[PDB]
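Participant: I'd like to ask you about the structure that follows.
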Amino acid sequence: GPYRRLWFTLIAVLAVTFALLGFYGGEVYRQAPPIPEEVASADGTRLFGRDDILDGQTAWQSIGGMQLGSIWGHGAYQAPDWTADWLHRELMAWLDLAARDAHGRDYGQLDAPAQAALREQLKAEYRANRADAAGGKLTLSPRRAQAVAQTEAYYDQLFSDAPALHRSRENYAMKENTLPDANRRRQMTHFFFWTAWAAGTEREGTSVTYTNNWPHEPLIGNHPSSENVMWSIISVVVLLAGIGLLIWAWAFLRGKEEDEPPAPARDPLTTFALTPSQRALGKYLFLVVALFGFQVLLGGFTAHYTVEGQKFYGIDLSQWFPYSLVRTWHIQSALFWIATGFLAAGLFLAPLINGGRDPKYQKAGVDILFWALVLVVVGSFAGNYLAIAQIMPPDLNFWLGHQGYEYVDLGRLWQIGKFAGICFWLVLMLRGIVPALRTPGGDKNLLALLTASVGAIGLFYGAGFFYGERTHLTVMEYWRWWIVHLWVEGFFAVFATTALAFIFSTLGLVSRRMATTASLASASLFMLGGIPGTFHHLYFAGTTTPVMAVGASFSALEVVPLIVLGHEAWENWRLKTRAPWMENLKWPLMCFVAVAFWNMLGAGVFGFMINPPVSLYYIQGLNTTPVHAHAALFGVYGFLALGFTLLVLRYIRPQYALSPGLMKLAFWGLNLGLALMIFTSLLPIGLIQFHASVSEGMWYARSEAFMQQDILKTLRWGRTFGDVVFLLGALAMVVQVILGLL
Ligand code: HEM
Ligand code: HEM
Ligand SMILES: [Ca+2]
């Protein structure tokens, strides 16, 4: 900063947060539920081992991973989640094989005090089944061994083209094989047994399991405990005492000197000239909206994989395009186009903060970065296509294929290329910011914090390394939930708040210090408080008690920093028409209105409805997390990047008219279509399934016996009537930007 002090203080935030990453990966490591060495059966024969568990984990990553269904509730929703259908089916196989050698009959054919005496023998056996003090053994009973090997045949038939199971495979939306080799089936069933055994086993000393008795399961007695509701109400106190103290600290710092700055009659951005490196951004804005159209079309294709079969009113080509591939594409291209629009907006604003001046050979660097981004997208999608089609031996699929985890499934070579592209954009950022801190001035307060936050976003992406493939599941989900604790909570939030502060300072609708306070707030809440909200999702996958104590109180802390609005766009907008050129910026602003609207709809109401764990116990893995994702991601950041897209369209084609009249439809159709496919189809399905999962159980909500009750069948067939409206709105937005590019 003054003597390269502030720029050098960047390493200290990285070091503190990386010590916090190291110390919590250290506790998760070995604080995890253990993979035992070998499955010791009681008769005297051995079973499979950690090599088979690791290779079945790799085979499960090869077939889609969390894009078929889910393990422990995090993932996909149109297939039964492996941890609960296996648990319920293993339980029903055990009751059949326990009624066999005692009565010879079925389960439900017996009376209820007999079912209760077998369930109390079940809780005499399942609440104590461990190793030799993490000694690697099982001591598995032969009755449980015959039950696991009997329910093993079901999943050997679910992926081996069984002709009697077309009533289940496409009804669960898979391709006819999904895994052609037989040892791979034998290892994927061993992996499923381990994940549903680590649920069905109490923790050492305590009476709680390793995943805190994850499904609602009365037949094993999985009722959520006392400290669950205690820490839930503690989290509610933390949420309420966070919002109020932030409003109190905002109100007791809004006491300005009433400066009242006058708005100039022109726009200080358009008064300066245009570099060719600015004029070379039409290709970026084409790639942004091209990937957006690709993403909505793919989304309509997974919509038809949800309602109907794999043939699409003809003959099926889904043998080359399964459900996991189109969901990976929908998920990765969504994150990619949302990130590239903001990356383009940042590289737009970066020379203009520098008085328009540019570094040496800038347009060529912008072009190499552009072709690098298109190359990484196409290679990642080709790797996903080659990996799901089993055109890859199980050795480079982790490196050069679909990795298998939501939002991180890109291959490690393509992840290295994406990290290198983000560092090259970092280079173009420091080449635009440096020249503006080397000048003698007094604006060193906000800009050093902005440098540390941009350095943090990317230099915490060194955490996309430091995990291999052959790792434990929960350690990975600590790291998978570390990614999305910054991939949306970081430079979508913090970058779009500071870019919003730059826009509202240039329009003069902020006091140019509340922007600083907000930026300072949205900076510090994520650089100092960015670690521990991961523990609101890891509490259901391997906590101990001080981990649960930190993760309930210290993970509700991410709710509060969002909205500077309410203090603009109701009074300042009331003071509108001061400047004539605002009629060109009516629509970019409208997006900034809608940004506020789904922030009181996505996270403002449905984010704390689903946050505390006794709420989260019955819903994690149901159709209320996509309710949160769909409303939250396009509802906030899907409008932030198209408002900036629209805004840099009006700043690179100023002579080209923005052609309104259709853009009102493209805006006021997109939001309403998103609200129609969110409030009318997905949320009622989630509440009826939620009522059935608290009534009957978690296994029941994902079964095909329940999802084909012809009410929620017609309600997801009626999902389509808002989706076509959203596609029409997106189509009109796309044609508007293409006609603007001329
Ligand atoms: C309007 C066209 C769209 C369609 C047809 C569509 C389709 C879908 C469907 C069906 C799901 C849930 C799948 C399931 O229940 O298993 C889903 C989830 C999701 N969609 Fe979309 N989508 C669309 C638009 C968008 C947009 C604009 C974004 C953001 C850029 C987006 C990002 C997501 C995300 C992040 C999820 C969460 C998936 C998960 O975590 O399981 N989608 N989409
Ligand atoms: C505004 C920025 C945010 C966005 C864009 C966002 C988006 C998402 C998405 C897409 C998911 C689904 C992850 C998955 O695929 O499994 C998710 C998970 C979740 N979010 Fe957020 N979120 C945000 C902030 C928040 C806030 C502020 C809260 C609560 C205060 C919250 C609570 C949750 C919870 C409890 C889950 C778990 C759902 C699951 O496991 O599927 N999020 N978020
Ligand atoms: Ca998911």
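Identifiers in this document derive from the order of the structure tokens: chains are assigned A, B, ..., residues are numbered from 1 separately in each chain, and ligands are numbered from 1 in order of occurrence.
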Could you pull the residues within 8 Å of residue 66 of chain A, counting only C-alpha atoms, minus those fewer than 6 positions along the same chain, as a PyMOL selection string?
Facilitator: chain A and resi 74-76+404-406
Participant: Dump N, CA, C and O atoms for the selected residues as an mmCIF file, in the first residue's frame?
Facilitator:
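Produced file selection_11.cif, reproduced below:
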```cif
data_model
loop_
_atom_site.group_PDB
_atom_site.id
_atom_site.type_symbol
_atom_site.label_atom_id
_atom_site.label_comp_id
_atom_site.auth_asym_id
_atom_site.auth_seq_id
_atom_site.Cartn_x
_atom_site.Cartn_y
_atom_site.Cartn_z
ATOM 1 N N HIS A 74 -26.789 -35.254 0.191
ATOM 2 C CA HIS A 74 -26.313 -34.116 -0.582
ATOM 3 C C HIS A 74 -26.175 -34.532 -2.033
ATOM 4 O O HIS A 74 -25.349 -35.388 -2.349
ATOM 5 N N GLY A 75 -26.998 -33.965 -2.907
ATOM 6 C CA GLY A 75 -26.834 -34.304 -4.305
ATOM 7 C C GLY A 75 -28.048 -34.189 -5.201
ATOM 8 O O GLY A 75 -28.700 -33.143 -5.260
ATOM 9 N N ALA A 76 -28.337 -35.268 -5.925
ATOM 10 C CA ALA A 76 -29.454 -35.345 -6.850
ATOM 11 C C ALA A 76 -30.726 -35.782 -6.137
ATOM 12 O O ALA A 76 -30.711 -36.181 -4.975
ATOM 13 N N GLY A 404 -17.218 -36.414 -10.093
ATOM 14 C CA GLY A 404 -18.329 -36.924 -9.297
ATOM 15 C C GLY A 404 -18.969 -36.180 -8.126
ATOM 16 O O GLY A 404 -19.818 -36.754 -7.444
ATOM 17 N N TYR A 405 -18.609 -34.921 -7.895
ATOM 18 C CA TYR A 405 -19.198 -34.155 -6.790
ATOM 19 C C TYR A 405 -19.867 -32.863 -7.267
ATOM 20 O O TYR A 405 -19.285 -32.133 -8.069
ATOM 21 N N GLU A 406 -21.009 -32.542 -6.689
ATOM 22 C CA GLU A 406 -21.718 -31.364 -7.156
ATOM 23 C C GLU A 406 -20.859 -30.103 -7.096
ATOM 24 O O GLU A 406 -20.215 -29.804 -6.094
#
```
Participant: Given only C-alpha atoms and all ligand atoms, how would the per-residue table for chain A near ligand 2 read, listing every residue at most 7 Å away with its closest atom pair and distance in Å to one decimal, sorted by chain and number, as CSV?
Facilitator:
```
residue,atom,partner,partner_atom_place_in_ligand_line,distance
A:74,CA,ligand 2,16 (O),5.2
A:75,CA,ligand 2,16 (O),5.3
A:406,CA,ligand 2,15 (O),6.0
A:488,CA,ligand 2,5 (C),5.5
A:489,CA,ligand 2,2 (C),5.7
A:493,CA,ligand 2,2 (C),6.9
A:537,CA,ligand 2,37 (C),6.6
A:556,CA,ligand 2,30 (C),6.0
A:558,CA,ligand 2,27 (C),5.3
A:559,CA,ligand 2,27 (C),3.9
A:603,CA,ligand 2,27 (C),5.4
A:607,CA,ligand 2,29 (C),4.3
A:608,CA,ligand 2,29 (C),5.3
A:610,CA,ligand 2,35 (C),5.4
A:611,CA,ligand 2,35 (C),4.2
A:616,CA,ligand 2,35 (C),6.9
A:620,CA,ligand 2,40 (O),5.5
A:621,CA,ligand 2,41 (O),6.1
A:625,CA,ligand 2,41 (O),4.3
A:626,CA,ligand 2,12 (C),6.2
A:628,CA,ligand 2,8 (C),5.9
A:629,CA,ligand 2,10 (C),3.2
A:630,CA,ligand 2,10 (C),6.5
A:632,CA,ligand 2,5 (C),4.7
A:633,CA,ligand 2,5 (C),4.2
A:636,CA,ligand 2,1 (C),6.8
A:637,CA,ligand 2,5 (C),6.8
```
Participant: Might you pull out every residue within 6 Å of segment 30-47 of chain A, with only C-alpha atoms counted and same-chain residues fewer than 3 positions away left off, and present them as a VMD selection string?
Facilitator: chain A and resid 27 50 136 to 141 542
Participant: Could you name the residues that touch residue 335 of chain A at 10 Å or less, counting only C-alpha atoms, but leaving out those on the same chain fewer than 6 positions away, as a ChimeraX atom specification?
Facilitator: /A:295,329,407,487-488,633,638
Participant: For residue 514 of chain A, list every protein, DNA or RNA residue within 10 Å, evaluated using only C-alpha atoms, and leave out those in the same chain fewer than 3 positions away; present the list as a ChimeraX atom specification.
Facilitator: /A:250,253-254,256,501,505,510-511,517-520,564
Participant: Would you save the residues from that selection as a tab-separated table (two decimals), in the first residue's frame, using C-alpha atoms?
Facilitator:
```tsv
chain	number	residue	atom	x	y	z
A	250	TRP	CA	-25.71	0.54	10.48
A	253	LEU	CA	-22.95	4.74	11.70
A	254	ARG	CA	-25.37	6.36	9.23
A	256	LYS	CA	-23.29	11.47	8.40
A	501	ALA	CA	-20.69	-0.08	-4.80
A	505	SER	CA	-20.94	5.56	-6.39
A	510	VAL	CA	-24.78	6.04	-2.37
A	511	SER	CA	-23.02	8.41	0.04
A	517	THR	CA	-18.92	0.26	5.27
A	518	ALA	CA	-20.85	-2.42	3.38
A	519	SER	CA	-17.77	-3.53	1.44
A	520	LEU	CA	-15.73	-3.53	4.64
A	564	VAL	CA	-27.70	-2.35	0.97
```
Participant: I want to know what sits within 9 Å of residue 492 of chain A, based on only C-alpha atoms, with residues of the same chain fewer than 5 positions away left out; could you give that as a list in words?
Facilitator: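 Final neighbour list, sorted by chain and number: residues 338, 339, 342, 486, 487, 497, 637 and 640 of chain A.
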Participant: Taking the DSSP secondary structure from the backbone, can you list the residues of segment 384-574 of chain A that are alpha helix (DSSP H), as a ChimeraX atom specification?
Facilitator: /A:384-388,397-400,412-433,446-459,473-483,493-506,514-527,545-553
Participant: Store the residues of this selection in a file with C-alpha atoms, as a PDB file, in the first residue's frame.
Facilitator:
```pdb
ATOM      1  CA  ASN A 384     -17.679 -35.665 -18.704  1.00  0.00           C
ATOM      2  CA  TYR A 385     -19.087 -37.216 -21.881  1.00  0.00           C
ATOM      3  CA  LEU A 386     -16.139 -39.595 -22.224  1.00  0.00           C
ATOM      4  CA  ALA A 387     -16.232 -40.497 -18.538  1.00  0.00           C
ATOM      5  CA  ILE A 388     -19.907 -41.318 -18.259  1.00  0.00           C
ATOM      6  CA  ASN A 397     -11.242 -40.269 -14.743  1.00  0.00           C
ATOM      7  CA  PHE A 398     -10.314 -38.315 -11.633  1.00  0.00           C
ATOM      8  CA  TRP A 399      -7.698 -36.399 -13.586  1.00  0.00           C
ATOM      9  CA  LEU A 400      -9.346 -36.034 -17.004  1.00  0.00           C
ATOM     10  CA  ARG A 412      -8.199 -32.041 -12.277  1.00  0.00           C
ATOM     11  CA  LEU A 413      -6.428 -31.015 -15.467  1.00  0.00           C
ATOM     12  CA  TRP A 414      -9.371 -28.789 -16.336  1.00  0.00           C
ATOM     13  CA  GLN A 415      -9.478 -27.634 -12.727  1.00  0.00           C
ATOM     14  CA  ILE A 416      -5.802 -26.666 -13.007  1.00  0.00           C
ATOM     15  CA  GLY A 417      -6.608 -24.837 -16.237  1.00  0.00           C
ATOM     16  CA  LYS A 418      -9.527 -23.033 -14.613  1.00  0.00           C
ATOM     17  CA  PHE A 419      -7.367 -22.053 -11.654  1.00  0.00           C
ATOM     18  CA  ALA A 420      -4.724 -20.795 -14.064  1.00  0.00           C
ATOM     19  CA  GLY A 421      -7.347 -18.774 -15.933  1.00  0.00           C
ATOM     20  CA  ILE A 422      -8.542 -17.291 -12.661  1.00  0.00           C
ATOM     21  CA  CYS A 423      -4.943 -16.410 -11.822  1.00  0.00           C
ATOM     22  CA  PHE A 424      -4.508 -14.809 -15.259  1.00  0.00           C
ATOM     23  CA  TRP A 425      -7.581 -12.694 -14.573  1.00  0.00           C
ATOM     24  CA  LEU A 426      -5.948 -11.941 -11.222  1.00  0.00           C
ATOM     25  CA  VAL A 427      -2.889 -10.780 -13.173  1.00  0.00           C
ATOM     26  CA  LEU A 428      -5.039  -8.473 -15.298  1.00  0.00           C
ATOM     27  CA  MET A 429      -6.621  -7.270 -12.082  1.00  0.00           C
ATOM     28  CA  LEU A 430      -3.392  -6.424 -10.338  1.00  0.00           C
ATOM     29  CA  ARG A 431      -2.167  -4.813 -13.573  1.00  0.00           C
ATOM     30  CA  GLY A 432      -5.216  -2.605 -13.407  1.00  0.00           C
ATOM     31  CA  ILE A 433      -5.256  -1.885  -9.675  1.00  0.00           C
ATOM     32  CA  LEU A 446     -11.243   0.500   0.826  1.00  0.00           C
ATOM     33  CA  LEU A 447      -8.876  -0.473  -1.926  1.00  0.00           C
ATOM     34  CA  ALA A 448      -6.451  -2.516   0.179  1.00  0.00           C
ATOM     35  CA  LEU A 449      -9.393  -4.513   1.488  1.00  0.00           C
ATOM     36  CA  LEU A 450     -10.627  -4.965  -2.078  1.00  0.00           C
ATOM     37  CA  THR A 451      -7.167  -6.254  -3.037  1.00  0.00           C
ATOM     38  CA  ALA A 452      -7.107  -8.716  -0.163  1.00  0.00           C
ATOM     39  CA  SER A 453     -10.609  -9.946  -1.028  1.00  0.00           C
ATOM     40  CA  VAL A 454      -9.786 -10.467  -4.717  1.00  0.00           C
ATOM     41  CA  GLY A 455      -6.566 -12.216  -3.675  1.00  0.00           C
ATOM     42  CA  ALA A 456      -8.578 -14.369  -1.303  1.00  0.00           C
ATOM     43  CA  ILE A 457     -10.969 -15.384  -4.040  1.00  0.00           C
ATOM     44  CA  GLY A 458      -8.549 -17.584  -5.938  1.00  0.00           C
ATOM     45  CA  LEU A 459      -5.983 -18.066  -3.252  1.00  0.00           C
ATOM     46  CA  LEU A 473     -16.106 -39.301   1.946  1.00  0.00           C
ATOM     47  CA  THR A 474     -16.646 -36.824   4.760  1.00  0.00           C
ATOM     48  CA  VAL A 475     -13.179 -35.296   4.480  1.00  0.00           C
ATOM     49  CA  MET A 476     -14.103 -34.664   0.866  1.00  0.00           C
ATOM     50  CA  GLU A 477     -17.463 -33.212   1.817  1.00  0.00           C
ATOM     51  CA  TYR A 478     -15.678 -30.878   4.165  1.00  0.00           C
ATOM     52  CA  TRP A 479     -13.739 -29.831   1.108  1.00  0.00           C
ATOM     53  CA  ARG A 480     -16.716 -29.981  -1.254  1.00  0.00           C
ATOM     54  CA  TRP A 481     -18.624 -27.781   1.148  1.00  0.00           C
ATOM     55  CA  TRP A 482     -15.566 -25.596   1.416  1.00  0.00           C
ATOM     56  CA  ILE A 483     -15.832 -24.856  -2.302  1.00  0.00           C
ATOM     57  CA  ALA A 493     -21.384 -12.050  -3.031  1.00  0.00           C
ATOM     58  CA  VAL A 494     -18.342  -9.932  -2.247  1.00  0.00           C
ATOM     59  CA  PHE A 495     -17.399  -9.118  -5.836  1.00  0.00           C
ATOM     60  CA  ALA A 496     -20.902  -8.194  -6.833  1.00  0.00           C
ATOM     61  CA  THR A 497     -21.335  -6.050  -3.730  1.00  0.00           C
ATOM     62  CA  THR A 498     -18.130  -4.136  -4.431  1.00  0.00           C
ATOM     63  CA  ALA A 499     -19.001  -3.804  -8.130  1.00  0.00           C
ATOM     64  CA  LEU A 500     -22.418  -2.639  -7.008  1.00  0.00           C
ATOM     65  CA  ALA A 501     -20.694  -0.079  -4.802  1.00  0.00           C
ATOM     66  CA  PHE A 502     -18.668   1.125  -7.777  1.00  0.00           C
ATOM     67  CA  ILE A 503     -21.810   1.443  -9.885  1.00  0.00           C
ATOM     68  CA  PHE A 504     -23.801   3.247  -7.176  1.00  0.00           C
ATOM     69  CA  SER A 505     -20.938   5.558  -6.392  1.00  0.00           C
ATOM     70  CA  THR A 506     -20.610   6.538 -10.040  1.00  0.00           C
ATOM     71  CA  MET A 514     -21.921   3.433   3.228  1.00  0.00           C
ATOM     72  CA  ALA A 515     -20.553   1.590   0.210  1.00  0.00           C
ATOM     73  CA  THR A 516     -17.244   1.398   2.055  1.00  0.00           C
ATOM     74  CA  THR A 517     -18.919   0.264   5.265  1.00  0.00           C
ATOM     75  CA  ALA A 518     -20.849  -2.422   3.381  1.00  0.00           C
ATOM     76  CA  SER A 519     -17.770  -3.534   1.438  1.00  0.00           C
ATOM     77  CA  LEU A 520     -15.734  -3.527   4.636  1.00  0.00           C
ATOM     78  CA  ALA A 521     -18.595  -5.634   6.187  1.00  0.00           C
ATOM     79  CA  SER A 522     -18.990  -7.989   3.233  1.00  0.00           C
ATOM     80  CA  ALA A 523     -15.210  -8.269   3.085  1.00  0.00           C
ATOM     81  CA  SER A 524     -14.540  -9.084   6.729  1.00  0.00           C
ATOM     82  CA  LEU A 525     -17.517 -11.401   7.215  1.00  0.00           C
ATOM     83  CA  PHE A 526     -16.078 -13.729   4.577  1.00  0.00           C
ATOM     84  CA  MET A 527     -12.340 -13.351   4.941  1.00  0.00           C
ATOM     85  CA  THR A 545     -19.631 -32.375  20.256  1.00  0.00           C
ATOM     86  CA  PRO A 546     -17.282 -29.284  20.167  1.00  0.00           C
ATOM     87  CA  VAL A 547     -17.658 -29.436  16.372  1.00  0.00           C
ATOM     88  CA  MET A 548     -21.431 -29.480  16.768  1.00  0.00           C
ATOM     89  CA  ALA A 549     -21.191 -26.611  19.277  1.00  0.00           C
ATOM     90  CA  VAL A 550     -19.190 -24.471  16.845  1.00  0.00           C
ATOM     91  CA  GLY A 551     -21.249 -25.491  13.836  1.00  0.00           C
ATOM     92  CA  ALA A 552     -24.574 -24.494  15.196  1.00  0.00           C
ATOM     93  CA  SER A 553     -23.811 -21.034  16.634  1.00  0.00           C
TER      94      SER A 553
END
```
Participant: Which residues are close to residue 246 of chain A, i.e. within 9 Å by only C-alpha atoms, leaving aside same-chain residues fewer than 5 positions away? Reply as a PyMOL selection string.
Facilitator: chain A and resi 241+251+560-561
Participant: DSSP on the backbone, then: every residue of segment 22-128 of chain A marked strand (DSSP E or B), written as an NGL selection string.
Facilitator: :A and (38-41 or 46-49 or 70-71 or 74-75)
Participant: Please save C-alpha atoms of the selected residues as a compact mmCIF listing (two decimals), in the first residue's frame.
Facilitator:
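As a result, again.txt now contains:
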```txt
# COMPACT_ATOMS: atom_id res chain seq x y z
CA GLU A 38 -11.70 -55.83 6.54
CA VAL A 39 -15.31 -56.86 7.11
CA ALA A 40 -14.94 -59.59 9.72
CA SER A 41 -17.88 -61.98 9.60
CA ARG A 46 -13.33 -62.68 5.58
CA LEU A 47 -15.01 -60.10 3.41
CA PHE A 48 -13.97 -57.04 1.42
CA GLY A 49 -11.49 -54.41 2.53
CA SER A 70 -27.00 -38.87 -3.23
CA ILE A 71 -24.93 -40.24 -0.43
CA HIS A 74 -26.31 -34.12 -0.58
CA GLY A 75 -26.83 -34.30 -4.31
```
Participant: Taking only C-alpha atoms into account, which of A:529, A:612, A:80, A:508 comes nearest residue 578 of chain A?
Facilitator: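 The closest residue to residue 578 of chain A is A:508.
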Participant: Of the candidates A:81, A:111, A:125, A:316, which shows the shortest atom-to-atom distance to ligand 1, using only C-alpha atoms and all ligand atoms?
Facilitator: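 Smallest separation from ligand 1 among the options: A:81.
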Participant: Could you check how far atom CA of residue 297 of chain A sits from atom CA of residue 594 of chain A, in Å to one decimal?
Facilitator: 23.3 Å
Participant: Could you please determine the separation between atom 42 (N, counted along the ligand's line) of ligand 1 and atom CA of residue 299 of chain A in Å, to one decimal place?
Facilitator: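 Here the two named atoms are 6.4 Å from each other.
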Participant: Return the single residue from A:372, A:158, A:579, A:112 that is closest to residue 264 of chain A, with distances computed using only C-alpha atoms.
Facilitator: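 Going through A:372, A:158, A:579, A:112 one by one, the smallest distance to residue 264 of chain A is for A:579.
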